[PDB]
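# Structural features, examined
Here is what each chain is made of, one letter per residue.
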Amino acid sequence: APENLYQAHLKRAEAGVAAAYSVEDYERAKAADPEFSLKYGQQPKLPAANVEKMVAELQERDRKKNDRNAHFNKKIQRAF
Amino acid sequence: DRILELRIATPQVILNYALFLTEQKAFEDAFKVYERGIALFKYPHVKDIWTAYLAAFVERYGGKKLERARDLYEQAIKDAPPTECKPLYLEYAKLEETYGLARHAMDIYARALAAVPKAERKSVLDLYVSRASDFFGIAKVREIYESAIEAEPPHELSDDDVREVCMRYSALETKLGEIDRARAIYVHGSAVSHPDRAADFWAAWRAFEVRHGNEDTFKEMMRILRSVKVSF
Amino acid sequence: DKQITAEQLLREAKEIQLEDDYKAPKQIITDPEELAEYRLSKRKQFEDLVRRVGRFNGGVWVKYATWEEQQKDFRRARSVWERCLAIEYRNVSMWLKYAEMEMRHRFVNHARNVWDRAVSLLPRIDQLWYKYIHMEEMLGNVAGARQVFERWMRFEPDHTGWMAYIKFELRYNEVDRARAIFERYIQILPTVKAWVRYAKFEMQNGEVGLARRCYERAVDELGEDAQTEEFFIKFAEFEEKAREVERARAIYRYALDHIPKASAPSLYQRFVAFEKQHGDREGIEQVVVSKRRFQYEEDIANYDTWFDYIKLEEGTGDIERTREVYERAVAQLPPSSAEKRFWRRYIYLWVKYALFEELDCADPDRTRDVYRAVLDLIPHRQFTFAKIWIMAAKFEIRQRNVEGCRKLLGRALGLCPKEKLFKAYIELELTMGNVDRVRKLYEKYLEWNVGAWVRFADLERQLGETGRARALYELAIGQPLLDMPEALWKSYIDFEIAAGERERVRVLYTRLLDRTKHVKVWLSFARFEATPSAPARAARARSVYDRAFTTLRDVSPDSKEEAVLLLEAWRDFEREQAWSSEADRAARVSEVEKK
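The numbering scheme restarts from 1 for each chain and tracks the written sequence of that chain rather than necessarily the entry's numbering. Residues without coordinates are not displayed. Starting at A for chains and at 1 for ligands, labels are handed out in the order in which the entities are written. Every figure reported here is calculated on the shown chains, themselves a piece of a larger assembly. Side-chain calculation: all heavy atoms of the structure are included, whereas hydrogens and water are not. Residues with missing side-chain atoms are left out of burial classes, side-chain pairs and their counts.

- Listed as the method for this PDB entry is cryo-EM; the listed resolution is 2.60 Å.

### As for the overall build of chain C
- By definition, any uninterrupted DSSP run of H or I lasting at least four residues is a helix, any uninterrupted run of E lasting at least two residues is a strand, and each is numbered from the N terminus. Helix and strand counts for chain C stand at 32 helices and 0 strands.
- Dimensions of chain C, computed from C-alpha atoms along their principal axes, come out at roughly 145 × 90 × 45 Å.

### As for the overall build of chain B
- When you go through chain B residue by residue, the secondary structure sums to 13 helices and 0 strands.
- Ordered by position from the N terminus, the helices and strands of chain B form the series α-α-α-α-α-α-α-α-α-α-α-α-α.
- Put simply, the radius of gyration uses C-alpha atoms, and a globule should come to 2.2 Å times the residue count raised to 0.38. Its C-alpha atoms give chain B a radius of gyration of 24 Å, more than 25% over the compact-globule value 17 Å for 232 residues.
- Expressed as lengths along the three principal axes of its C-alpha atoms, the size of chain B is roughly 80 × 35 × 25 Å.
- With 232 residues in all, chain B has 43% of them scored as buried.
- We call two residues contacting when some pair of their heavy atoms lies within 4.5 Å. Here the contacts in chain B between residues at least 6 apart in sequence split such that 51% fall between residues at least 24 apart. Residue exposure (1.4 Å probe, protein chains only): buried if accessible area is under 20% of the type maximum, exposed if over 50%, otherwise partly exposed.

### A few points about the side chain of B:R121
All names here are of chain B.
- With respect to the helices, strands and loops of the structure, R121 is situated in helix α8 (residues 118-135).
- Any pair of N or O atoms that falls within 3.5 Å is considered a polar contact. Within protein, one atom must be able to donate a hydrogen and the other to accept it, and sequence-neighbouring residues count only if both atoms are side-chain atoms. From its side chain, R121 meets the backbone oxygen of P154 in a polar contact 3.4 Å long.
- When sequence neighbours within four positions are dropped, the list of residues in contact with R121 reads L113, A114, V116, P154, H155, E156 and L157.

### Focus on the interface of chain A and chain C
- Taken together, the contact between chain A and chain C spans 33 residues of the former and 32 residues of the latter.
- Of all the secondary-structure elements, those providing two or more residues to the side of chain A that touches chain C are α1 (4-20), α2 (23-32), α3 (49-64) and α4 (67-79) of chain A.
- By residue number, the principal contributor to the side of chain A that touches chain C is α3(A), which donates 10 residues.
- Charged residues are taken to be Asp, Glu, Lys and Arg, nonpolar residues to be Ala, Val, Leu, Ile, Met, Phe, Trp, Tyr, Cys and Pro, and polar residues to be all remaining types, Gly included. Considering only residue class, the side of chain A that touches chain C consists of 15 nonpolar, 7 polar and 11 charged.

### Things to note about the interface of chain C and chain B
- Contacts between the two partners involve 19 residues from chain C, matched on the other side by 17 residues from chain B.
- Taken together, the elements giving at least two residues each to the side of chain C that touches chain B come down to α15 (264-278), α16 (281-300) and α17 (304-315) of chain C.
- A per-element tally of the side of chain C that touches chain B places α16(C) first, with 7 residues.
- Across the side of chain C that touches chain B, the residue classes tally to 6 nonpolar, 5 polar and 8 charged.

### Re the pattern of salt bridges
- Any carboxyl oxygen of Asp or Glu within 4 Å of a side-chain nitrogen of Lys or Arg constitutes a salt bridge here. For B:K65, the salt bridge identified is with C:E282, shortest N-O distance 3.9 Å. Residue B:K65 is located in the loop between α4 (46-61) and α5 (66-79), and its partner C:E282 is located in helix α16; the two belong to separate chains.
- For C:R217, the salt bridge identified is with C:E183, shortest N-O distance 3.7 Å. Here C:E183 lies in helix α10 (residues 175-188) and C:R217 lies in helix α12 (residues 209-222), a separation of 34 residues in the sequence.

### A short note on the packing of α1(A) against helix α9 (residues 159-171) of chain C
- Think of each axis as a best-fit line through the C-alpha atoms, taken over the contacting stretch in the case of a helix, with angles from 0 to 180 degrees between the N-to-C directions. Put simply, α1(A) and α9(C) touch, their axes get as near as 12 Å, and they point 15° apart. One element, α1(A), and the other, α9(C), form an angle in the roughly parallel class. In the crossing of α1(A) with α9(C), the sense of the turn from one axis to the other is right-handed. From α1(A), A:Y6, A:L10, A:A13, A:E14 and A:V17 reach across to α9(C), where they touch C:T160, C:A164, C:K167 and C:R171. By the definition adopted for this analysis, an angle is roughly parallel if under 35 degrees, roughly antiparallel if over 145, roughly perpendicular if from 65 to 115, and oblique otherwise. Should the near helix be turned anticlockwise from the far one by less than a right angle, the crossing is left-handed, and should it be turned clockwise, the crossing is right-handed.

### A closer look at the packing of helix α6 (residues 85-98) of chain B against helix α7 (residues 102-115) of chain B
All names here are of chain B.
- With their axes 9 Å apart at the nearest point, α6 and α7 run at an angle of 170° to one another. By the angle class used here, α6 and α7 are roughly antiparallel. Of the residues in α7, those touching α6 at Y89, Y92, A93, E96 and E97 are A102, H104, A105, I108, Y109, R111, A112 and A115.
- Split by residue class, the contact of α6 with α7 holds 9 nonpolar, 1 polar and 3 charged.

### Examining the packing of aromatic side chains
- Relative to B:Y61, the ring of B:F31 lies with its centre 5.8 Å away and its plane at 45°, an arrangement referred to as tilted. One end of the pair, B:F31, is in helix α3 (residues 27-40); the other, B:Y61, is in helix α4, with 30 residues separating them in the sequence.
- To pair, rings of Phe, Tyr and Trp, with the six-membered ring standing in for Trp, must have centres within 6.5 Å; the planes then decide the type, stacked if under 30 degrees apart, edge-to-face if over 60, and tilted in the middle. Note on C:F149 and C:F168: the rings are 5.0 Å apart at their centroids and 50° apart in plane angle, and the pair reads as tilted. Separated by 19 residues along the polypeptide, C:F149 in helix α8 (residues 142-154) and C:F168 in helix α9 bring together distant segments of the chain.
- Site record: aromatic cluster; members linked through ring pairs are A:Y6, A:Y21, A:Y26, C:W129, C:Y130, C:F149, C:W152, C:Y165, C:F168 and C:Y172.
- Against the face of C:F46 rests C:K42, its NZ or CZ located 5.0 Å from the ring centre.
- Geometrically, a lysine NZ or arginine CZ counts as sitting over a ring once it is within 6 Å of the ring centre and also within 35 degrees of the ring normal. The ring of C:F107 has C:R78 lying over it, and the distance from NZ or CZ to the ring centre is 4.5 Å.

### Observations concerning helix α25 (residues 450-462) of chain C
- Here α25(C) spans 18 Å end to end across 13 residues, near enough to the 18 Å set by a 1.5 Å rise per residue.
- Once α25(C) finishes, C:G464 follows within two positions and takes phi at roughly 90°, a positive value. Expected helix span is computed as 1.5 Å times (number of residues minus one).

### Things to note about the arrangement of the chains
- Considering every one of the 2 pairs of chains in contact, the largest contact total is recorded for chains A and C.
- With respect to C-alpha atoms, chain A approaches chain B no nearer than 19 Å, and the pair has no contact.

### So, unusual backbone geometry
Residues and elements named next belong to chain B.
- Following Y43, the chain continues to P44 via a peptide bond in cis, the omega torsion being 0°.
- For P44, the position within the fold is in the loop between α3 and α4.
- Notably, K25 is not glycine yet its phi reads approximately 45°, a positive angle.
- If you trace the backbone, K25 turns up in the loop between α2 (11-23) and α3.

Shown next as structure tokens:
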């Protein structure tokens, strides 16, 4: 369900902000950067670790995760 | 109220505060604090303060505040899980029988069996039937029986339970002298009863037909039990 | 010994394992130029499959592109994803797999570009926007995540989109930004959900005058269509956890005023839940009782809830209220004049109002009024409630209106001839000691009855008119209408035995034996002869038993159980005889037995 996997997307959002970033991290990145506009496109100054964070984060997700006639009926006893 | 302010409380101090104002006969604040505590926790820790509050109202306002009594009961019902609607439904039936009217107590028990688990619906149905005997008699108890026969799930009662329901129904119908309705009830219980474990059911039916049945119905006995022995 | 059912053979066929294919042998493969040509082979395989099946059935470009990603060839895999999307760009699954390939290999500007395109082309798939925002905040790029949230808000998402934006700005403890989003949110989707969520945000936030501000602003801005249940439920709960309960009472009322009372059940039960704690005892009692009254007022627009309201008012002390409630319950005449249950219920409810005016109201004039209303609304020529007459008579008797009770009794009599009414009236006539009117009433009940003659004889005996009572019993025996009464027979026998007359009882016994040959009657005659010289009594009892067995023999050749019971009783009494000799008891028992 989009509501089910939506609260699971918020699971992932709040979990990953609790897991990969901190408030002084964020606020000193900002303190270096006055524009938090019209700067769209230009990549922002952030630590090179951040990248693998995302990658590792999603890769984390990863480790959580006759012949054809058997499947057919196995749909029907399922249903019938 | 400082303990209740910070939510460091349990059923214990709720009950304690409430009784302490009960003995200073401050029943009104006891009631408001019961209101505080009931929402202050969820069950099964709200069962005990609910028992105390239910009793504290029953004791003091019987016959004068029946409407708010049933207010209390109804909200206690809709917060309580299926696991303990039994004692609360019993309290509600008891008061609205003693001070109230038998008809809405009848519908009380109807609600209870509609609401309690199958495995104890047996002991709740015994109560419903006996109270209906006291207050409405023959046709009403018969309708209780058939209400306990025609209930498709999730109203489901157990085959051994429905077995002895059918047993009681025939034992009372043969009592009143309308034997063939009890014949019908036994045919009903046949489609539920695998014979091999329930020898008492078929024993009652057979020795029953020996006194009220004929050899045509006896061959239909060895035809029905035949079919069921084939069926399972 | 075992036979051939199907299924087992089918299982055997399954065991025969078909030709599921054996895995290709894992020959060791060198990495250089043996790799490259395996890659040529598998890429030509993919290009062949893709020119065949690629366009018409999806699935294939994902395999091709994940393989090229396994080869760590991302120029090639990006071209495979671009050829998927050149076929069908409206598939969100493909945009997701493309951008995720790009993300999981730290190609983050490439991923941003895929997201920009996916989110430009399908701006109505929320999930694209979510995953773009998520990718940006996983890189700790919250300015970029926020700019994606701004673009998304431009495409006007649902409540969940604006709520996710607000939660985003909260996650970085930016409550000024989240507040500006709430401003925009409640403007864009102007809703009760928008406003109550705004106010929940504020009451979490630290601001309670602002949460009040946002409810107030919801009713002014929202204006119309802020009239609804959950808006007022939320107003109530807010001002409740603000401990402004007078504010909350104003809220609950102004609601019930404005809300269509069709919508009122939940709001009103929750208001009851408010008064649960904060109200006063008789205050909340007033509230619930009033609401019950209108409940019944609409439900009659039902005798059991009627009696229940009677009980509620009577227990609440409100006397005039209970009077008016009984009045309204009697205002509902039975529309179906045939159902004895409903008319009986109506009579019991009016009798309940009667006992309320009688015991609780202390008004005997109002009691006479209620009972006379009951007497006039009950169509006696069809409806026969002796109970109403009896209770009215008791009321008139306690008040000592003797002639009044007599009038009401004669009224029920000349209206609906009733054995129970007549018997109670005669009881009450004996309770005054007016024996002559009692005789006249017994007579008028007889002319309209074994017990009428029986009660008249018993009265004459309780007056000592044993001769007059004996003549009355003789007349009772002489009429052809009460032919086979054994109960009046029992009464006459009892009067003859209590009157010292064994001989009158004997004449009665001869008449009773001549009349009906019952074996129990024969036993009773001989038993009367038995119970208190004693040897003469035993001898007379024996003569009776012998004549009885002889008669039941010559009259009842099949009725063996009758004479069998007779002989059983005979042997029992023969063993029970106070005999001066036990050998005589043995011989007499043997004589009774051998027969």
